[PDB]
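# Structural features, examined
One letter stands for each residue in the lines below.
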Number of protein chains: 2
Amino acid sequence: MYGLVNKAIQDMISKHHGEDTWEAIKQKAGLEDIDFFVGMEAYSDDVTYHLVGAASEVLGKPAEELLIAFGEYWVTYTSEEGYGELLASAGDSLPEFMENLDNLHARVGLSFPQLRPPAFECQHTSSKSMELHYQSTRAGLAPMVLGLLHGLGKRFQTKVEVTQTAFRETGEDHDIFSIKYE
Amino acid sequence: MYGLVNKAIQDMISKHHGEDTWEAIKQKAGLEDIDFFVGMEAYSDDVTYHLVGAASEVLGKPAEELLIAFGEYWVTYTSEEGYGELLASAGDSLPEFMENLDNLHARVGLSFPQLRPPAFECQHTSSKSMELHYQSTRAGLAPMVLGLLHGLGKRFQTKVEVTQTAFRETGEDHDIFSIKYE
Ligand code: HEM
Ligand code: HEM
């Protein structure tokens, strides 16, 4: 993925557990060569998955748990490293936000013009709840979507209850979630 | 499950959408031959599954969204229908309360001779985080655990974020939840 993402992980790790750690992880994930990530340059997803795996081992935490925290972080990190106005333009409620998210990523993608955004379709089951459809060219990131989702809860002082009901990894067509919100 | 599980479902639906809706929902579950649920009486689990499945059709929500709801509602309903004090006795805080859960359901089991209760194990990540291990003889109730915890959050004036990191029905040994709390 574009190196913003890996910068993102490096800085979450760095803020939380120090630099020492980041570097072991960066070494473990087999990436010591690279001296910094280039925010607007593209990488092989490999780079991102190995980072996550290293992080797990060094930190002794489930990969899934790091994805979840990473999803939460990103929401704050984007609003702060040059995308806060774009974020805000995507709306000021969670449901509105989730409808604008493909357009959000579309705006982004005309700058990062090699972007492989995900797709998100909402089916509202009420004014407090929906089925969310997560469609992706990649595997493994559902847990990120949950962190992401709780992060947007914070941003909007909204309380979000989230549960996966369908699973790409098992060969189903895409990930689906049921979401209850304040 | 024991009848009060079912009275509680009935109660919720009825309070939230009236008795015609509820009647309808009963009929659809193929339980017209039942004028009332007997709280302290053991029913086949089918009754409960059927009722949820039937209530998904009639309200146009997924089961899983209802289970989240039911999970929330259970917490209030029990404090009002004869288990207020057993609840208090379980603790003044969420972590504490979950730690006590196997102990609470044991106490319930005195009274409920053939109870088949869940088993909850807590690993404490931090003063404000836990891994919840949820183990069960039954399938499909993880969404409820999620609702349950939100109700507990409400009870103890505590904001909570629950993320399920592992899933009994893709073949994993048991549901594991990552949790973060005030
Ligand atoms: C300022 C806000 C955002 C920016 C700049 C942004 C940008 C990006 C970028 C650059 C990627 C990597 C795609 C690639 O390299 O091909 C990505 C992936 C992703 N973004 Fe965002 N994004 C933002 C907000 C969000 C939000 C709020 C969500 C909420 C769910 C989200 C969900 C995702 C997901 C799930 C992926 C994974 C890629 C995949 O599934 O294929 N993004 N985003
Ligand atoms: C006064 C409080 C509570 C009472 C009296 C109670 C009682 C029961 C009863 C009677 C059942 C049905 C079991 C059976 O029929 O064999 C049950 C199931 C369950 N209870 Fe509780 N419970 C209480 C609080 C909680 C809380 C706070 C949770 C939080 C997560 C919880 C989680 C569960 C779960 C997950 C089941 C599902 C059954 C299964 O997985 O096999 N309970 N409980």
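Residues numbered from 1 in each chain as written, not as in the entry; some residues may be left out. Chains lettered and ligands numbered in written order. Heavy atoms only, no water.

X-ray crystallography is the method the PDB entry lists for this structure, together with a resolution of 2.46 Å.

### A closer look at the packing of aromatic side chains
All names here are of chain A. What the rule picks out here adds up to 17 aromatic pairs over all chains. Where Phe-120 meets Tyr-134, the ring centres are 5.2 Å apart and the plane angle is 15°; that geometry is what we call stacked. Of this pair, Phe-120 sits in strand 1 (residues 119–124) while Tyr-134 sits in strand 2 (residues 129–135), and the two are 14 residues apart along the sequence. Take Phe-120 and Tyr-134: they sit in the same class, and that class is buried. Put simply, the rings of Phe-70, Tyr-73, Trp-74 and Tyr-77 pair up and form one aromatic cluster. (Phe/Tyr/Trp six-rings, centres within 6.5 Å; stacked < 30°, edge-to-face > 60°. Helix = DSSP H or I, 4+ residues; strand = E, 2+ residues; numbered from the N terminus. Buried < 20%, exposed > 50% of the residue type's maximum accessible area, 1.4 Å probe, protein only.)

### Looking at the pattern of salt bridges
All names here are of chain A. The final tally for this structure, using the stated rule, is six salt bridges over all chains. In this structure, the salt-bridge partner of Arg-116 is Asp-45, at a minimum N-O distance of 3.2 Å. Residue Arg-116 is found in the loop between helix 7 (101–111) and strand 1, and its partner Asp-45 is found in helix 3 (residues 45–59); the two are separated by 71 residues along the sequence. Where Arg-138 meets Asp-45, a salt bridge forms, and the shortest distance between an N and an O atom there is 2.9 Å. Of this pair, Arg-138 sits in the loop between strand 2 and helix 8 (142–155) while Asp-45 is found in helix 3, placing the two residues 93 residues apart along the sequence. When its relative accessible area of 12% is taken as the criterion, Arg-138 is described as buried. (Salt bridge = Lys/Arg side-chain N within 4 Å of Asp/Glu carboxyl O.)

### A closer look at the coordination of the iron atom of ligand 2
A four-donor tetrahedral metal ideally has 109.5 degree angles, and a six-donor octahedral metal ideally has angles of 90 or 180 degrees. A lone protein donor binds the iron atom of ligand 2: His-105 of chain B (NE2), at 2.0 Å. Along the polypeptide, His-105 of chain B turns up in helix 6 (residues 101–111). (Donors = N, O, S within 2.8 Å, 3.2 Å for Na, K, Ca; no water.)

### Focus: the site of ligand 1
Residue and element names in this part refer to chain A. In the region of ligand 1, 19 residues are neighbours, and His-105, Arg-116, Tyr-134, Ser-136 and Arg-138 sit closest. One nitrogen or oxygen atom from the side chain of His-105 is found 2.7 Å from a nitrogen atom belonging to ligand 1. With four residues, helix 7 is the largest single contributor of residues to the shell around ligand 1. Here the residues of the shell around ligand 1 are counted per class, giving 14 nonpolar, three polar and two charged. (Near = heavy atom within 4 Å. Polar contact = N/O pair within 3.5 Å; in protein donor to acceptor, adjacent residues only side chain to side chain. Nonpolar A, V, L, I, M, F, W, Y, C, P; charged D, E, K, R; others polar.)

### A look at the pairing of strand 1 of chain A
Residue and element names in this part refer to chain A. One ladder, built from six bridges, connects strand 1 with strand 2; its direction is antiparallel. Looking at the pairing, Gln-123 lines up with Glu-131 of strand 2. The hairpin turn running from strand 1 into strand 2, its antiparallel successor, is four residues long. (Pairing = 2+ DSSP bridges.)

### As for the site of ligand 2
All names here are of chain B. Close contacts around ligand 2 come from 24 residues, with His-105, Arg-116, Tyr-134, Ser-136 and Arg-138 the closest. In this structure, an oxygen atom belonging to ligand 2 sits 2.6 Å away from a main-chain N or O atom of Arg-116. Residue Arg-138 places a side-chain N or O atom 2.6 Å away from an oxygen atom belonging to ligand 2. Among the elements of the structure, helix 3 (63–80), helix 6 and helix 7 (142–155) are those that each provide at least two residues to the shell around ligand 2. Ranked by the residues each element gives to the shell around ligand 2, the list is headed by helix 6, at four residues. Looking at the shell around ligand 2 residue by residue, the classes come out as 18 nonpolar, four polar and two charged.

### Some details on the UniProt feature "binding site: heme b" (unreviewed entry) in chain A
Residues and elements named next belong to chain A. According to UniProt, the "binding site: heme b" (unreviewed entry) feature falls on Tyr-2, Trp-74, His-105, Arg-116, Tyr-134, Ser-136 and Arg-138. Relative to the elements of secondary structure, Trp-74 occurs in helix 4 (residues 63–80). In this structure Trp-74 touches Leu-4, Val-5, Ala-8 and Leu-148, once residues within four positions along its chain are discounted. Those residues within four positions of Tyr-134 in sequence are excluded, and the remaining contacts are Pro-118, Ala-119, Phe-120, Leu-141, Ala-142, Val-145, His-174, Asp-175 and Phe-177. Of note is the side chain of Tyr-134, whose polar atom sits 3.5 Å from the side chain of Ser-136. (UniProt positions renumbered as here; feature names shortened; annotations may be inferred. Contact = heavy atoms within 4.5 Å.)

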